[PDB]
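Read through the structure below, which is laid out as structure tokens, and then see the notes.
These values consider heavy atoms only, across backbone and side chains, with no hydrogens, waters or symmetry-generated copies. Throughout, protein chains are lettered first and strands after them, A, B, ... in sequence-line order, and every chain is numbered starting at 1.
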Amino acid sequence: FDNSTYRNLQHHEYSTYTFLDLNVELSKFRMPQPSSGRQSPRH
Amino acid sequence: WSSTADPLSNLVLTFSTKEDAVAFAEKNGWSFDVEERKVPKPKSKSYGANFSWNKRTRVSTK
């Protein structure tokens with residue numbers, strides 16, 4: 001146990017597509033989405 | 001300029017009811033045509049309908 005060092009260093013190597021890469025990775029864990037019955041409010 | 005030859009071109013009379021106007025026209029000898037009042041029918045307005053979950057009334061902008 002020590003408070004001398006900073007442990008939030010992983011965010012120093014985040015590229016431009018890190019957020020969307022993580023979203024693509026997470027896409028396989030989600031539940032199926034509900035459907036309103038139409039493709040669009042203009043349908 | 002614009003000339004006219006009849007004297008009743010600017011004559012507009014105001015009445016409270018249709019029956020009163022009919023009586024005036026009848027006693028003054030004029031032949032009349034009457035049109036019934038056009039009242040706008042009540043509407044069904046709803047602000048929430050702009051954000052419907054599955055209905056076409058949902059708006060795409062504000």
Please confirm whether the backbone N or O of B:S52 pairs with a side-chain atom of B:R58, one donor and one acceptor, at under 3.5 Å? yes
State, with a plain yes or no, whether a side-chain heavy atom of B:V22 is found less than 4.5 Å away from one of B:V34. yes
Test: ring-ring contact (aromatic ring centres under 6.0 Å, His included). Region: residues 21-58 of chain B. Which pairs qualify, not counting sequence neighbours? B:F15-B:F24, B:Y47-B:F51
Check whether A:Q10 reaches the backbone of A:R7 with its side chain - one donor and one acceptor, N or O, closer than 3.5 Å. yes
Using side-chain heavy atoms (C-beta onward) and a distance below 4.5 Å, is A:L26 in contact with A:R30? yes
Test log, rule side-chain contact (heavy atoms from CB on, under 4.5 Å), inputs A:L22 and A:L20: CA-CA 5 Å; A:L22 287 160; A:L20 294 193; over 6 Å; no
More than 12 foreign heavy atoms under 6.0 Å from CZ of A:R38: is that the case here? yes
Do B:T17 and B:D20 have a side chain donor and acceptor closer than 3.5 Å? yes
Could you go through A:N3 and A:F1, starting from their C-alpha distance and side-chain angles, then the distance that decides it, and tell me whether this counts as side-chain contact (heavy atoms from CB on, under 4.5 Å)? CA-CA 7 Å; A:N3 302 15; A:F1 162 73; 3.1 Å; yes
Verify the neighbour count for atom CG of B:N28: are there more than 12 heavy atoms of other residues, nucleotides or ligands below 6.0 Å? yes
Whether the side chain of B:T57 engages the backbone of B:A49 through a donor-acceptor N/O pair (distance < 3.5 Å, no angle test) should be reported. yes
Assess whether atom NZ of B:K38 is packed by more than 12 heavy atoms of other residues, nucleotides or ligands within 6.0 Å. no
Contact summary for A:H43 and A:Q39, nearest pair of heavy atoms: CE1-OE1, 3.1 Å
Salt bridge (charged side-chain N to carboxylate O under 4.0 Å, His left out) partners of B:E36, counting only residues at least two apart: B:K18
4.5 Å side-chain heavy-atom contact, A:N23 and A:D21: no
